[PDB]
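Residues per chain, in single letters:
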Amino acid sequence: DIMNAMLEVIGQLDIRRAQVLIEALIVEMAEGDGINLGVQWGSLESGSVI
Amino acid sequence: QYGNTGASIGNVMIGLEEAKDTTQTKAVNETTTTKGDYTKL
């Protein structure tokens, strides 16, 4: 009897395993900008600067 | 003179004097001329 029980357990734990295909998708979009403008001044004879 | 400001008049005037061209004379009649550094200014 115990044999016929454990064969019915083994029968149901022996099943095939499905297999998943995991496909990640990573999207990284960067963008940048900048505008740096300015006027400087100087006189080195008598040192005076902007 | 003030410390609030970016730079103080002392270091600026000292720097301007160090930047001037210095001359060193030895008479008897040698006279040499030399340009000063800007590193303090």
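Basis of the calculations
Residues numbered from 1 in each chain as written, not as in the entry; some residues may be left out. Chains lettered and ligands numbered in written order. Part of a larger assembly, values for the part shown. Heavy atoms only, no water. Helix = DSSP H or I, 4+ residues; strand = E, 2+ residues; numbered from the N terminus. Rg over C-alpha atoms; globule rule 2.2 N^0.38 Å. Buried < 20%, exposed > 50% of the residue type's maximum accessible area, 1.4 Å probe, protein only. Arc of directions from axis to C-beta. Polar contact = N/O pair within 3.5 Å; in protein donor to acceptor, adjacent residues only side chain to side chain. Contact = heavy atoms within 4.5 Å. Buried area = accessible area lost by both parts, 1.4 Å probe. Salt bridge = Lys/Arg side-chain N within 4 Å of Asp/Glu carboxyl O. Nonpolar A, V, L, I, M, F, W, Y, C, P; charged D, E, K, R; others polar.

Judging from the entry metadata, cryo-EM is the method by which this structure was determined, and 4.22 Å is the reported resolution.

Q: Could you give an account of the overall build of chain A, with specific residues and numbers?
A: Each helix and strand in chain A was counted, giving one helix and two strands. Scanning chain A from its N terminus toward the C terminus, one meets helices and strands in the order α-β-β. Rg of the C-alpha trace for chain A: 38 Å, well past the compact-globule value of 10 Å for 50 residues, more than 25% over. In terms of overall dimensions, chain A has a C-alpha envelope of 110 × 20 × 10 Å along the principal axes. Looking at chain A residue by residue over its 50 residues, the buried ones come to 0%.

Q: So what about helix α1 (residues 9-19) of chain B? Which residues, and what values?
A: Restricting attention to buried positions, one finds in α1 of chain B the residues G15, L16 and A19 of chain B. Buried residues along α1 of chain B cover an arc of 100° about the axis, so they all sit on one side.

Q: Go over the side chain of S8 of chain B with me, naming the residues and quoting the values.
A: Residue and element names in this part refer to chain B. Along the polypeptide, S8 turns up in the segment before α1. Among the polar contacts listed, one links the side chain of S8 to the side chain of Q1, at a separation of 3.2 Å. In this structure, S8 is in contact with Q1 and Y2, ignoring residues within four places of it in sequence.

Q: Mind laying out the interface of chain B and chain A, listing which residues take part and the relevant values?
A: Listed per partner, the contact involves four residues of chain B and four residues of chain A. When the area that chain B buries against chain A is broken down by residue, the three leading residues are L16, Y38 and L41 of chain B, summing to 90%. Between chain B and chain A we count zero salt bridges in total. Counting the contacts that link chain B with chain A gives zero residue pairs in polar contact. When the residues that make up the side of chain B that touches chain A are grouped by side-chain class, the tally is four nonpolar, no polar and no charged.

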